[PDB]
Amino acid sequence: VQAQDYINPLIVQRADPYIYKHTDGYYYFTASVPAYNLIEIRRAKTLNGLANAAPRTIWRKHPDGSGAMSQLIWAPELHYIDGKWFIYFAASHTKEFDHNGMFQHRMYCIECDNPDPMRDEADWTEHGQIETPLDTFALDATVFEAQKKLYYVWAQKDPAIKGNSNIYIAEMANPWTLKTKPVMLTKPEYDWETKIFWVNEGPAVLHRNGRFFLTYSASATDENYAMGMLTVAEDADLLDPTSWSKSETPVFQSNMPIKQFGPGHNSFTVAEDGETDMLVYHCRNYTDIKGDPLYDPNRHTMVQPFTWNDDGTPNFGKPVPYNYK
């Protein structure tokens, strides 16, 4: 396949796009919806089919003023773990900022009792909050399998470290519970990670050529949004921060001449040829945003192929232009 085989932007008005190619021959898609009020799934046999795929709501936010999970439903990811579907997402009990001017999200998990994850809301049950030793702002969780274990990777505020959030990892006791104390892998520190907000968020994991590559997003969700990357040997101690190497420069960023601003909160999938790696990310096409960029709904989902360098590292290149007619 080639980039031009896909009509971009693939999915309008969907941020934090997550695509999972399942064994049933379907691509499953989850993302943040503009009103941040529910979790819906789309499915199609092809990536282009997702642009017209009728969604199904499988979980709705709790009522206003009812406590946990009642506001700002962010970045759900659908995972298939030991034959069961799980969705990891973040939510807050309020839209109010705390005394540090931050969002009040925590991490949640829902589990499906059916082989079809899109049949009905009644098939999904809440496990509640995925707790961490320190109860602070946490979001954008993802999971990956390595060394016959399940790892959980997420973004969280540490009061002792400057900025909004750092990336952590921990091994899981089960799909909704941590077994180990969190380990910090990266914090915002370079100029490209600290524009408007000091942020490391949106982790995603790729496994290839004897290594795990963990991409993440940094800076605010406007034009400054960019992707960084950590690398680790697949057999190392994943819970030792010295096992991981951090890229000093972004691995993916704005392509300003073609009006692709702030690419980020990515995921990875495979094309319909079963071989080409695909980068899935959101991106904006203008910068004259009014108000908070999180409430402008025009982060659009993009998909494009990526390749591999001779040293076995990924080469993401740059955002491709829109090509709809």
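Numbering starts at 1 and runs along the sequence shown.
Of the two stretches examined, 43 to 51 and 273 to 281, the record assigns the greater average C-alpha temperature factor to 273 to 281. The mean C-alpha temperature factor is higher for 228 to 236 when 228 to 236 and 100 to 108 are set side by side. When the C-alpha B factors of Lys195, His127, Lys157, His79 are read from the deposited coordinates, the top value falls at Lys195. The PDB entry gives the largest Cα B-factor of the residues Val33, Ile289, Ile58, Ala68 to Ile289. For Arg211, the recorded CA temperature factor ranks within the highest third of the chain's modelled residues. When all modelled residues of the chain are sorted by CA temperature factor, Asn255 is found within the highest third. For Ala146, the recorded CA B-factor ranks within the highest third of the chain. Only modelled residues enter the ranking. The deposited CA B-factor of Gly25 belongs to the highest third of values across its chain.
The entry lists a Cα temperature factor for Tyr18 that places it in the lowest third of the chain's modelled residues.
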